[PDB]
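This report refers to the structure that appears directly beneath it.
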Amino acid sequence: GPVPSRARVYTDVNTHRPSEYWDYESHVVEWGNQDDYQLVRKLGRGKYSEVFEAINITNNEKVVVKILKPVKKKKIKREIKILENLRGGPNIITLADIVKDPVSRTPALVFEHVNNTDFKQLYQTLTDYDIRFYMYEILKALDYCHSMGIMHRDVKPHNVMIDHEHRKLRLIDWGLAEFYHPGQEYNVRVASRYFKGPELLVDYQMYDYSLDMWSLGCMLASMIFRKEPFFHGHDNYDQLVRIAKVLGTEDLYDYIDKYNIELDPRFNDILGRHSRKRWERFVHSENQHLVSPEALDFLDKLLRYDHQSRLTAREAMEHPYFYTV
Ligand SMILES: Nc1ncnc2c1ncn2[C@@H]1O[C@H](COP(=O)(O)OP(=O)(O)O)[C@@H](O)[C@H]1O
Ligand SMILES: C[NH2+]Cc1ccc(-c2ccccc2)c(Cl)c1
Ligand SMILES: [Mg+2]
């Protein structure tokens, strides 16, 4: 079978903690009354939620109410425990309250309000400095949750709220997040297609916090190169082919050999053979103002087949790309 793997950082943070911290199944959830909140308008509608802007009628403050479509009860409890554990963390969305509507009995999570700037509007107004500043802000959130023994597992532009006027960033949507336990086999059907690490695509279940670092690398490539998404797969099998077209097929085989991964028979038939491309080949007239040798070196140390070889969030924070900022 496959060779075991563990995170290079915060490996045993949950092992040395009591049951209370990570056993979300035994966590007691106390649901308040939604009558303190008046729903104002719909902000977004996710995979299994309806997000509304709301007013807390007890203090006239704006909040956000995420109304959960009652899926597996264990999943709601997992998201609550993680948000409660990370509450107050740098650039982490703050869970202010947990409520239930008296008549519907539907569960709902109450969050601090974020005045989100449009992805297309932000994409056309960001400078080299803005990208470095916001990348550093995301790194603070990731180093923090990883230190708290949690992997986000759905890192992407849509899960990062930015109030550009106030230069305020929040990592949201902790519904796929999970407690890291060294040597544990996790579900590989996590993260959004374009952001899936090669470990998920090759069905390597013993992954860690390093999955988040790959996703972060995909977001950085899309920003500096102005190609969204950067790895544009049409399905999960094709997603690995898009990565292989850039990173090369040689290093993919070295990766599967190192971890003794049993690659699906179908892959050899669609992967083909591809050379490793130089990051500079993605530089053009429309994006050259966002590219620098430091950005390319940083991106290269994030987007690597081998999850263990990828930089950790704290290592990434020390990289020369962040010196100016
Ligand atoms: N704190 C927030 N402030 C503002 N908008 C938010 C906030 N949290 C969520 N949203 C909006 O709601 C959408 C869906 O919420 P999300 O937490 O990502 O749920 P899901 O797991 O269903 O995708 C987001 O993409 C965003 O537009
Ligand atoms: C407002 N939600 C979309 C969005 C847009 C841009 C970024 C982004 C900006 C600079 C560097 C890296 C990513 C992010 Cl995280 C999210
Ligand atoms: Mg989401």
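What you see below is based on every heavy atom in this structure, not just the backbone, and it leaves out hydrogens, waters and symmetry mates. Along the sequence shown, residues are numbered consecutively beginning with 1. Order of appearance sets the numbers: ligands from 1, and atoms from 1 within every ligand.
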message: So that I can tick it off, tell me whether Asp300 and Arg304 are bridged by a salt bridge, with the cut-off set at under 4.0 angstrom between side-chain N and carboxylate O.
response: yes

- prompt: Could you give the distance from CG (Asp128) to CG (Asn287), rounded to the nearest 0.5 Å?
  reply: 11.5 Å

query: Taking atom CZ of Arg17 and atom CE of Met148, what is their separation to the nearest 0.5 Å?
result: 6.0 Å

task: Look up atom CD1 in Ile93 and atom CG in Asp173, then write down how far apart they are to the nearest 0.5 Å.
output: 11.0 Å

- request: Sort by chain and number the protein N/O/S atoms found under 2.8 Å from the Mg ion (ligand 3).
  value: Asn159 OD1, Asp173 OD2

task: Examine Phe231 together with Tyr194 and report whether their ring centres are nearer than 6.0 Å.
output: no

- request: Under 4.0 Å from a heavy atom of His158: give me the atoms of ligand 1 that qualify, with their elements.
  value: 25 (O)

query: Do the ring centers of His307 and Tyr255 come within less than 6.0 Å of each other?
result: yes

task: Examine the proximity of ligand 1 to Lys66 and report which part, side chain or backbone, both or neither, has a heavy atom under 4.0 Å away.
output: side chain

Main-chain N/O of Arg87 paired with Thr94 side-chain donor or acceptor, under 3.5 Å: no

Winner among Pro157, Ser49, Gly44 once heavy atoms are compared against atom 20 (P) of ligand 1: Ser49

query: Out of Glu112, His113, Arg170, whose heavy atom is nearest to atom 1 (N) of ligand 1?
result: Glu112

query: Would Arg132 count as a cation-pi partner of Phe322, with NZ or CZ less than 6.0 Å from the six-membered ring centre and within 45° of the ring normal?
result: no

field: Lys/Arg-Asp/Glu bridge criterion (N-O < 4.0 Å) met for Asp235, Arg193
entry: no

query: Among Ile67, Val51, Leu43, whose heavy atom sits nearest atom 10 (N) of ligand 1?
result: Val51

- request: Could you list the atoms of ligand 1 found under 4.0 angstrom from a heavy atom of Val114?
  value: 3 (N), 4 (C)

- request: Run the salt-bridge test on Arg226 and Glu286 with the 4.0 Å N-O cut-off and return the result as yes or no.
  value: no

- request: Determine whether the aromatic ring centres of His164 and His166 lie less than 6.0 Å apart.
  value: no

field: N/O donor-acceptor pair under 3.5 Å between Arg78 side chain and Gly175 backbone
entry: yes

query: Do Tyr136 and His319 have ring centroids that are under 6.0 Å from one another?
result: no

- line: Contact set, ligand 2, heavy-atom distance under 4.0 Å, ordered by chain/number, equals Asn116, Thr117, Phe119, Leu122, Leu126, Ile131, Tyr134, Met135, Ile138, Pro157, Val160, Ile162, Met219, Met223

field: Contact atoms of ligand 1, heavy-atom distance to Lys47 under 4.0 Å
entry: 22 (O), 23 (O)

message: Please state which option from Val63, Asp173, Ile93, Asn116 has its nearest heavy atom closest to atom 18 (O) of ligand 1.
response: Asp173

field: Whether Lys227 side chain and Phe230 backbone form a donor-acceptor pair below 3.5 Å
entry: yes

Face-on cation placement of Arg41 at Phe52 ring, 6.0 Å and 45° thresholds: no

- request: Number the atoms of ligand 1 from 1 as they appear, then name those within less than 4.0 Å of a heavy atom of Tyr48, with their elements.
  value: 22 (O)

For atom 24 (C) of ligand 1, the protein heavy atom that lies nearest, with its residue and separation: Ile172 CD1, 3.9 Å

- line: Of all protein heavy atoms, the one nearest atom 6 (C) of ligand 1 is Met161 SD, 3.9 Å

task: Please could you name the atoms of ligand 1 that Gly46 approaches to less than 4.0 Å, counting only its heavy atoms?
output: 20 (P), 22 (O), 23 (O)

